[PDB]
Amino acid sequence: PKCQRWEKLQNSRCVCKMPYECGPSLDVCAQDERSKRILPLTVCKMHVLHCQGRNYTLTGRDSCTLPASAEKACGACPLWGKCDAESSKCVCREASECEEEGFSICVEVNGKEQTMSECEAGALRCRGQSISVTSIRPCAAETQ
Amino acid sequence: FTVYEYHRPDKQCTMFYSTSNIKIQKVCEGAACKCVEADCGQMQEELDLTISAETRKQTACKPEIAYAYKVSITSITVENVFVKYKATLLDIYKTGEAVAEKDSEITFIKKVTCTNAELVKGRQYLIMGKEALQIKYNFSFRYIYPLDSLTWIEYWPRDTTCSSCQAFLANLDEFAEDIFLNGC
């Protein structure tokens, strides 16, 4: 059946997933479904809501107080990282430690827009690399 | 309980009963029907000021909870242990076991002992409880809800802010949004 990152297929057919089952997605800034005001959100929850016909709006990388916007402590690490040995701080993983399925998202890196996995962008964010997220949808950069 | 006409002895009629009270009961428009345990309860008051929206999340999060939605009551029926209570499905949050997508407009039946859980035709409403018994005379009994005892029930405001006041509907919207975005 026809599953997807915002999805949960059933009865030999495609279907949407619950925004709470999408809750483990990377945090980012967003905007109101019928107003100009900015607020925190997650890419998988916003996708599952849009798959349920709910409204949403984008925001810049600094436009809201998203919980995942900086490196975390031990015992609460996002999917892009884990606790270090005998240490209270969390550490960021290499892109090969992609245990989560992830979305694919658009980001600016080295002064250029590029599509990458949500977990790889999360690793670059957590390790303090110079990045700027541009949409929860992928870029045009892979066009041929 | 049975009879025949003495002037017409072929004209014989019968029904079965007992003195003992009955608790294994559900009824349907088909050849086999589901059963419930004597099920009846009571609803909440309409337009309740600043009611506990987090308690609605806790009720929908319960292990017995596997029906939960926001809908318009469409019409009713006549068989007194299961007056059918048809609907117009607006949204769903834990419609649960072997269910599917909204706008199905299916029944949510009621019984005569449940007098504190009355419903209004055309009225918007919010509710929670157990899932449907999944077989009938049709290929399925899917989403034919039991509306059984200890279930949640309340009115859903059709227009909010002039009704003294919008904060009650906004609390219900926050409860619905918490069930959708955090769940159980």
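Residues numbered from 1 in each chain as written, not as in the entry; some residues may be left out. Chains lettered and ligands numbered in written order. Part of a larger assembly, values for the part shown. Heavy atoms only, no water. Residues with missing side-chain atoms left out of burial classes, pairs and counts.

As documented in the archive entry, the model was determined using cryo-EM at 3.54 Å resolution.

Draft legend 1. Looking closely at the overall build of chain B. For chain B, the helix and strand inventory stands at two helices and eight strands. Walking chain B from its N terminus toward its C terminus, one meets helices and strands in the order β-β-β-β-α-β-β-β-β-α. Along the first, second and third principal axes, the C-alpha atoms of chain B reach 70 × 35 × 30 Å. Contacts in chain B between residues at least 24 apart in sequence constitute 58% of all its contacts with a sequence separation of at least 6. (Helix = DSSP H or I, 4+ residues; strand = E, 2+ residues; numbered from the N terminus. Contact = heavy atoms within 4.5 Å.)

Draft legend 2. Layout of the sheet that holds strand β6 (residues 86–92) of chain B. Residue and element names in this part refer to chain B. Pairing is antiparallel in the open sheet, where four strands are placed in the order β6-β5-β7-β8. Either end of the sheet is taken by a strand with one partner, and the two such strands are β6 and β8 (152–155). Taking each pair of neighbouring strands and ignoring which way they run, the sheet shows an average axis angle of 30 degrees. One ladder, built from four bridges, connects strand β7 (residues 124–129) with β8; its direction is antiparallel. If you follow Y125 over to β8, its bridge partner there is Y155. (Pairing = 2+ DSSP bridges. Axes fitted to C-alpha atoms, helices over the stretch in contact; angles between N-to-C directions.)

Draft legend 3. Highlighting the state of the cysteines. Note on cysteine connectivity: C106 of chain A is disulfide-linked to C139 of chain A, with sulfurs 2.0 Å apart. The disulfide joining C106 of chain A to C139 of chain A has a torsion of about 105 degrees about its S-S bond and is therefore right-handed. Taken together, the residues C106 of chain A in strand β6 (residues 104–109) and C139 of chain A in the segment after β8 (131–135) connect sequence positions 33 residues apart. The disulfide partner of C28 of chain B is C33 of chain B, and the gap between their sulfur atoms is 2.0 Å. Between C28 of chain B and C33 of chain B the sulfur-sulfur dihedral comes to about -70 degrees; the bridge is accordingly left-handed. (Disulfide = S-S within 2.5 Å.)

Draft legend 4. Broad picture of unusual backbone geometry. In this model, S164 of chain B is joined to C165 of chain B through a cis peptide bond whose omega is 15 degrees. Its location among the elements puts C165 of chain B in the loop between β8 and α2 (166–181). Residues other than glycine seldom take positive phi values, yet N11 of chain A does so here, at roughly 50 degrees. Looking at where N11 of chain A falls in the secondary structure, it is placed in the segment before β1 (27–31). Positioned with a positive phi, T50 of chain B is a non-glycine residue whose angle comes to about 50 degrees. Assignment of secondary structure puts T50 of chain B in the loop between β4 (36–37) and α1 (53–60).

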